[PDB]
């Protein structure tokens, strides 16, 4: 079933109503995904769900710029990670009962007014969210609705996976890939056979295809699998102690121990869309 309220849309799977996903209209932000009652995503207990600022947790949507830009006249005006996660999207309706599937839309006319004035480019976004019995698929389509101007953008899903304990966690299938380390400010190949975590981590992997599933492992158990289409980059991030402490909307302060962000995106360069052209991609979360 699919239920709409003033602030959100909630999907429950017909075969098992304890499998569910909650999507805030603000940012079209998935903030909970339960699989047979078990929460899959990390959400700060102090996250704002009231539209006052981006949600600290779940799956914030990053568009049209990942990070902070300092090279483009207009993109450099936007705050870190763009304006999609700061704007209230329109609920376009349900498209299927089983698996429950819904769509959300964004265009400048309904987006964050302040930020739209800073980056007055035309676009149409449609997010499709499909709740399977054992997966969550979040798909995006971007259309350049301008008749004359090229549309230049990044897209990323800022996925906060819930885990039991970060220091026991490893991430597989990234061995041998090139990354840019945003902390050390250098690029290098990951020569570790798995990724482990004992400090702040903020890295951007390049060249991951639809064929490479990334797995999150704890106690020899594969607790999450991330698949994607058309998102060649993967950001891996954990704020660790100090940064967690400095984020007012991040609670509990030990909460970095129960999350890892593994964020599929197109962020290494900008996508350029000619007038009337479209681009699409998705992230697919599951368990193998």
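Positions refer to the first chain, counted from 1.
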Of 48-56 and 232-240, the stretch with the higher mean C-alpha B-factor in the deposited entry is 48-56
Would 133-141 or 109-117 have the larger average of its C-alpha temperature factors, as given in the entry?
-> 109-117
Peak C-alpha temperature factor (PDB record), options 162, 191, 96, 81 = 191
Maximum C-alpha temperature factor, selected from 67, 27, 246, 64 | 246
Split the chain's modelled residues into thirds by Cα B-factor; residue 38 lands in the middle
Lowest, middle or highest third: where is residue 267 by C-alpha B factor in its chain?
-> middle
Third of the chain, ranked by Cα B-factor, where residue 157 sits = lowest
If you rank every modelled residue in this chain by C-alpha B factor, which third holds residue 104: lowest, middle or highest?
-> lowest
Would you please rank residue 209 by its C-alpha temperature factor against the other modelled residues of its chain and give the third it falls in: lowest, middle or highest?
-> highest
